[PDB]
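**Student:** I'd like to ask you about the structure that follows.
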2 protein chains.
Amino acid sequence: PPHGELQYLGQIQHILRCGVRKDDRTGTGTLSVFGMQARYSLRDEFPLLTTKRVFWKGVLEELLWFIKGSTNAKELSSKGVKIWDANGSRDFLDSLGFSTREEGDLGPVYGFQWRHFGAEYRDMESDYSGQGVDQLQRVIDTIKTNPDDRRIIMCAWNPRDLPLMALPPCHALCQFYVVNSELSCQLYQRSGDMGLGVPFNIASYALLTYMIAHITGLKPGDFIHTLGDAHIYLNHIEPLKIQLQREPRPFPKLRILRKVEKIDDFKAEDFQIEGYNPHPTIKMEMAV
Amino acid sequence: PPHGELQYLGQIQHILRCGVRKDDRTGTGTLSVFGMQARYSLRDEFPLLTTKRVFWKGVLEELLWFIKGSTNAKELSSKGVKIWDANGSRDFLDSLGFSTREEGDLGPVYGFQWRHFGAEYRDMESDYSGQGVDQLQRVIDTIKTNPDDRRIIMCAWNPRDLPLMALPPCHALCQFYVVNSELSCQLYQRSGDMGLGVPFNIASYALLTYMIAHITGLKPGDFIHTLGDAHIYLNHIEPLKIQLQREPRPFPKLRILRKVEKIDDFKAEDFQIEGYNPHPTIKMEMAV
Ligand SMILES: CN(Cc1cnc2nc(N)nc(N)c2n1)c1ccc(C(=O)N[C@@H](CCC(=O)O)C(=O)O)cc1
Ligand SMILES: CN(Cc1cnc2nc(N)nc(N)c2n1)c1ccc(C(=O)N[C@@H](CCC(=O)O)C(=O)O)cc1
Ligand SMILES: O=c1ccn([C@H]2C[C@H](O)[C@@H](COP(=O)(O)O)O2)c(=O)[nH]1
Ligand SMILES: O=c1ccn([C@H]2C[C@H](O)[C@@H](COP(=O)(O)O)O2)c(=O)[nH]1
């Protein structure tokens, strides 16, 4: 049965063969399937794709930025990771009616929701200590005290806060699961740019699972990737067909370099990707 | 093309063969798999399971109760549907520390979240008109004005309100999708009692999709059922093996008997299940 990267490549094939033409906001157009699911083992391997190089630096710095609760694009940008900068620009903020908002202030996105769900958002520089639900720490506490729990959820989709966000979250929610000393994670991704977003998104949530497993004394299990609108932008078709011709190399491994006690204490240098031997980057133009 | 019900029966088989032993609060125990997905066509058929009779009256009355925004178990009970009554009882409310709460008051569950997400909950008798986000109406409006939208979400998972609820929602969220004049729906169900809950849950969201398609002038497409902890209670194993001997009968059809303009105007007598030929109920004791 296909395993690891062949799940992702199988999804690409399925959308090319069975996807339906579907317009989008950008006017680019897509081939689209609604509802997919892939399973990536995390057991002695880390699912960083090898058929094209994934932006691992971006994955790791973005995740650390989420964990600290930041909603400031400038703070991620300062680390050489520019993926949120367009959505924090003066022009983009004004386009949403946020003329009074400071440049970089993404509103109550991921970081805020994860650490302060339900608090009143003010700006990206405010102190939210003790405010709202700390979903991330509550996930960790539940795994430690009640691993059988079937409500181990972290949700970024906050209908009250959506109008203030720079972008509605794509990763609406995730759920953790423990059995036989293994930690698994399922992501509900409402919308997946299969060429540009999804490889990165797989790595983010696999990383998060490695982090939480390390904190809780468990072994990584599976990452289950569930998609809503799974789509290939029309201008990614030829690049993806090039990618599909490449034979995958074995996944790398991820090493955590020291014992870390609290999720907030992880730093970028604590992580080491080993044996990563990807084929070259394939240029895929982003839609918006 | 295979009967859609064989997806469900395939899931039962997979859990019996590959599910792992996993304890629960009741001490019943389960066999459990994390992460499953099935697709049920809604095109000229309604996926009301035939290998054991589904409580259709319960499906329909519960859904109408959700749509009106109710959080009062007594109001559902009055229609002959007792499925929430134990969770609203004096005893159960007291067991959660809700000694001051009136009997029947489930707290900010589905109905409240769907129609008033983010409003302040008081009690089951309060007027919430105009308060919070009406997710249900916003879903319907978006389908009508911008069908390509990839953010058509209704979320019941509200971390701020969880501690007031009689039970945390199993149906954490759902997402709608439109292509070629067909409306599809995906449910993220965090926890699935495969014997007792899941058949009912499939029917609820298929129904909701039929309702919203009727309101918006679209044809029903697919229902995609995604599970988190998909589990068989140990005392359902033998009953389910009896069920697995049965060949499915062709699915019924669902007829909507008049033109209805607003989701709030649907009544129970507007719906007719046609050609439903289930095998008999098999007794499966619920875990408490
Ligand atoms: C998670 N994320 C957001 C993302 C992904 N796909 C999208 N696709 C579309 N159509 N629209 C989006 N806003 C979008 N956003 C990402 C992730 C990576 C990069 C990125 O493409 N490239 C690095 C790579 C640099 C390197 O490896 O040397 C960069 O140049 O910013 C962009 C956005
Ligand atoms: C969806 N749902 C809630 C549900 C399902 N499985 C669960 N399973 C567990 N372990 N715990 C729960 N709280 C639970 N809740 C249901 C659905 C049907 C019935 C049920 O008992 N139906 C009828 C059948 C009667 C008829 O056909 O007219 C009844 O006798 O009440 C109960 C709960
Ligand atoms: O982490 C992310 C962020 C965005 N996207 C995608 C999906 C869509 O192509 C686009 C978002 O647009 P909307 O779904 O909100 O229309 O970027 C991803 O795949 N991953
Ligand atoms: O609509 C519903 C409501 C509940 N359950 C199940 C799943 C679990 O077996 C139990 C709820 O318990 P927790 O997952 O919250 O532990 O009832 C369903 O399958 N469907």
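Positions of Cβ are backbone-derived with ideal geometry, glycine not excepted, and every protein chain shown enters the neighbour counts. Read-outs throughout are calculated quantities, based only on the coordinates presented, and are distinct from any laboratory measurement.
**Student:** Give the residues of the stretch B:151-163 that are part of a strand (DSSP E or B) and facing another protein chain (nearest Cβ under 7 Å), sorted by residue number. Write out each step before concluding.
**Tutor:** First, pick out the residues of the stretch B:151-163 that are part of a strand (DSSP E or B): B:153-155.
B:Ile153, B:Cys155, listed by residue number.
**Student:** Which condition number does B:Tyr8 fail, the rest of (1) crowded, with 18+ Cβ neighbours inside 10 Å; (2) among the hydroxyl-bearing types (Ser, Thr, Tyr); (3) within 12 Å of another protein chain (Cβ to nearest Cβ) being met?
**Tutor:** For B:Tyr8, the failing item is (3).
**Student:** To continue, here is another question. Only one of B:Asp148, B:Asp123 is within 12 Å of chain A (Cβ to nearest Cβ) and assigned to a loop (DSSP other than H, G, I, E, B); which? Can you show your working first?
**Tutor:** On the way: B:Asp123 fails: within 12 Å of chain A (Cβ to nearest Cβ).
Sole residue among the options that is within 12 Å of chain A (Cβ to nearest Cβ) and assigned to a loop (DSSP other than H, G, I, E, B): B:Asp148.
**Student:** Might you let me know whether the stretch B:142-154 holds any residue that is in contact with a helix residue (DSSP H, G or I) (Cβ under 6 Å, 6 or more places away or on another chain), buried (at least 22 other Cβ atoms within 10 Å of the Cβ) and over 30 Å from B:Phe92 (Cα atoms)?
**Tutor:** The answer is yes, given that some residue of the stretch B:142-154 is in contact with a helix residue (DSSP H, G or I) (Cβ under 6 Å, 6 or more places away or on another chain), buried (at least 22 other Cβ atoms within 10 Å of the Cβ) and over 30 Å from B:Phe92 (Cα atoms).
**Student:** Of the residues that sit in the stretch B:1-24 and are part of a loop (DSSP other than H, G, I, E, B) and closer than 15 Å to B:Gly192 by Cα, which one is nearest to ligand 2 (Cβ to nearest atom)? Give the steps one after another, and end with the answer.
**Tutor:** Step one: list which residues in the stretch B:1-24 are part of a loop (DSSP other than H, G, I, E, B), which gives B:1-4, B:19, B:23-24.
Those still in the list that are closer than 15 Å to B:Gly192 by Cα too: B:19, B:23-24.
Numbers: B:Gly19: 15, B:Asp23: 13, B:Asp24: 8 Å.
Restricting to residues being part of a loop (DSSP other than H, G, I, E, B) and closer than 15 Å to B:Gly192 by Cα, the top hit is B:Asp24.
**Student:** What are the pairs with Cβ atoms under 6 angstrom where one residue, in the stretch B:65-86, is in contact (Cβ under 8 Å) with a residue 24 or more places away in the chain and the other, located anywhere, is part of a helix (DSSP H, G or I) and basic (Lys, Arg)? Sequence gap at least six, or different chains.
**Tutor:** Pairs that qualify, where the first residue is in contact (Cβ under 8 Å) with a residue 24 or more places away in the chain and the partner is part of a helix (DSSP H, G or I) and basic (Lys, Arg), are B:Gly69/B:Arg115.
**Student:** Ok, one more. Inspect the stretch B:125-132 for any residue being hydroxyl-bearing (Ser, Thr, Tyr), within 22 Å of B:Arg190 (Cβ to Cβ) and touching a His at 6+ places or on another chain (Cβ under 9 Å) and give the result as yes or no. Break it down into steps so the answer makes sense when it comes.
**Tutor:** Start the filter on the stretch B:125-132 by keeping residues that are hydroxyl-bearing (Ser, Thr, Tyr), which leaves B:126, B:128-129.
Now drop any that are not within 22 Å of B:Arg190 (Cβ to Cβ), which leaves none.
No: the stretch B:125-132 contains no residue that is hydroxyl-bearing (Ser, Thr, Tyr), within 22 Å of B:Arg190 (Cβ to Cβ) and touching a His at 6+ places or on another chain (Cβ under 9 Å).
**Student:** Return yes when B:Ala172 is within 14 Å of chain A (Cβ to nearest Cβ), closer than 18 Å to A:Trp157 by Cβ and of a type in the set (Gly, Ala, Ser) and no when it is not. Let's see the steps before the verdict.
**Tutor:** Details: within 14 Å of chain A (Cβ to nearest Cβ): yes; closer than 18 Å to A:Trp157 by Cβ: yes; of a type in the set (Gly, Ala, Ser): yes.
When the stated conditions are applied, B:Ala172 passes them.
**Student:** Can you name the number of the only condition in (1) buried (at least 24 other Cβ atoms within 10 Å of the Cβ); (2) within 16 Å of ligand 3 (Cβ to nearest atom); (3) of a type in the set (A, V, I, L, M) that A:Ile224 fails?
**Tutor:** Single failed check for A:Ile224: (2).
**Student:** Taking the stated definitions as given, is A:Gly217 within 14 Å of chain B (Cβ to nearest Cβ) and either surrounded by fewer than 22 Cβ atoms within 10 Å (Cβ to Cβ) or within 13 Å of ligand 3 (Cβ to nearest atom) (or both)?
**Tutor:** Values: within 14 Å of chain B (Cβ to nearest Cβ): no; either surrounded by fewer than 22 Cβ atoms within 10 Å (Cβ to Cβ) or within 13 Å of ligand 3 (Cβ to nearest atom) (or both): yes.
Considered against the rule, which asks whether it is within 14 Å of chain B (Cβ to nearest Cβ) and either surrounded by fewer than 22 Cβ atoms within 10 Å (Cβ to Cβ) or within 13 Å of ligand 3 (Cβ to nearest atom) (or both), A:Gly217 comes out as no.
**Student:** Output the number of the condition that A:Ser77 fails; it satisfies all remaining conditions of (1) closer than 18 Å to A:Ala268 by Cβ; (2) more than 11 Å from ligand 1 (Cβ to nearest atom).
**Tutor:** Of everything listed in (1) closer than 18 Å to A:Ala268 by Cβ; (2) more than 11 Å from ligand 1 (Cβ to nearest atom), A:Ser77 misses just condition (2).
**Student:** Shifting gears a bit: B:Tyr128 passes all but one of (1) among the aromatic types (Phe, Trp, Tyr); (2) in a helix (DSSP H, G or I); (3) surrounded by fewer than 23 Cβ atoms within 10 Å (Cβ to Cβ); which number fails?
**Tutor:** Condition (2) is where B:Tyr128 drops out.
**Student:** Any idea which of (1) closer than 25 Å to A:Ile140 by Cβ; (2) away from chain B (no Cβ under 14 Å) is the one A:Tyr205 doesn't satisfy?
**Tutor:** That leaves (2) as the condition not met.
**Student:** Moving to a separate point now. Would you mind telling me which numbered condition in (1) within 16 Å of ligand 3 (Cβ to nearest atom); (2) in a loop (DSSP other than H, G, I, E, B); (3) in contact with a helix residue (DSSP H, G or I) (Cβ under 7 Å, 6 or more places away or on another chain) A:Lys82 fails?
**Tutor:** Single failed check for A:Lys82: (3).
**Student:** Let me ask something else about it. Can you give me the number of residues within the stretch A:29-79 that are in a loop (DSSP other than H, G, I, E, B), within 14 Å of another protein chain (Cβ to nearest Cβ) and among the hydroxyl-bearing types (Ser, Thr, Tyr)?
**Tutor:** 0
**Student:** Looking only at the stretch A:230-263, which residues are exposed (fewer than 14 other Cβ atoms within 10 Å of the Cβ) and under 30 Å from A:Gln137 (Cα atoms)?
**Tutor:** Hits for the stretch A:230-263 are A:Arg255, A:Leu257, A:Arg258, A:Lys259, A:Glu261, A:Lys262.
**Student:** In addition: Does B:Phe176 fit the bill of being buried (at least 23 other Cβ atoms within 10 Å of the Cβ), of a type in the set (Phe, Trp, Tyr) and either closer than 17 Å to B:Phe271 by Cβ or within 16 Å of ligand 3 (Cβ to nearest atom) (or both)?
**Tutor:** When the stated conditions are applied, B:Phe176 passes them.
**Student:** Against the condition within 12 Å of chain B (Cβ to nearest Cβ) and of a type in the set (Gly, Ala, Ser), how does A:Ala166 come out, does it pass?
**Tutor:** Details: within 12 Å of chain B (Cβ to nearest Cβ): no; of a type in the set (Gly, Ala, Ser): yes.
Spelling it out, it is not the case that A:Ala166 is within 12 Å of chain B (Cβ to nearest Cβ) and of a type in the set (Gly, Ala, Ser).
**Student:** Name every residue in the stretch A:24-67 that is β-branched (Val, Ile, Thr), more than 14 Å from the chain's Cα centre (by Cα) and either surrounded by fewer than 23 Cβ atoms within 10 Å (Cβ to Cβ) or more than 13 Å from ligand 3 (Cβ to nearest atom) (or both), in order of residue number. Give the steps one after another, and end with the answer.
**Tutor:** To start, the set of residues in the stretch A:24-67 that are β-branched (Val, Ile, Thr) comprises A:26, A:28, A:30, A:33, A:50-51, A:54, A:59, A:67.
From what is left, the residues that are more than 14 Å from the chain's Cα centre (by Cα) are A:26, A:28, A:30, A:33, A:50-51.
Within the stretch A:24-67, A:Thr26, A:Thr28, A:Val33, A:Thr50, A:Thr51 qualify.
**Student:** When the residues of the stretch B:179-188 are filtered to those that are closer than 20 Å to B:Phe46 by Cβ and in contact (Cβ under 8 Å) with a residue 40 or more places away in the chain, which remaining residue is surrounded by the fewest Cβ atoms within 10 Å (Cβ to Cβ)?
**Tutor:** B:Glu182
**Student:** Does B:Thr26 count as among the hydroxyl-bearing types (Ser, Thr, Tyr) and either in contact with a strand residue (DSSP E or B) (Cβ under 6 Å, 6 or more places away or on another chain) or closer than 25 Å to B:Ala213 by Cα (or both)? Quick ask: steps written out before the conclusion?
**Tutor:** On the way: among the hydroxyl-bearing types (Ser, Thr, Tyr): yes; either in contact with a strand residue (DSSP E or B) (Cβ under 6 Å, 6 or more places away or on another chain) or closer than 25 Å to B:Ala213 by Cα (or both): no.
Taking the combined requirement at face value, the residue does not satisfy it.
**Student:** Looking only at residues in the stretch A:106-115 that are surrounded by 23 or more Cβ atoms within 10 Å (Cβ to Cβ) and not aromatic (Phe, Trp, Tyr), which one is nearest to the other protein chains (Cβ to nearest Cβ)?
**Tutor:** A:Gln113
**Student:** Out of the residues in the stretch A:90-100 that are loosely packed, with under 15 Cβ neighbours inside 10 Å and either hydroxyl-bearing (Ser, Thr, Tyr) or in a loop (DSSP other than H, G, I, E, B) (or both), state the one that is nearest to ligand 1 (Cβ to nearest atom). Please lay out each step first, then the result.
**Tutor:** Here is the first cut: in the stretch A:90-100, the ones loosely packed, with under 15 Cβ neighbours inside 10 Å are A:90-91, A:94-95, A:97, A:99-100.
Imposing the further condition that a residue be either hydroxyl-bearing (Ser, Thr, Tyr) or in a loop (DSSP other than H, G, I, E, B) (or both) reduces the set to A:95, A:97, A:99-100.
On the way: A:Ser95: 14, A:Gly97: 19, A:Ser99: 22, A:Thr100: 24 Å.
Applying the filter and picking the extreme gives A:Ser95.
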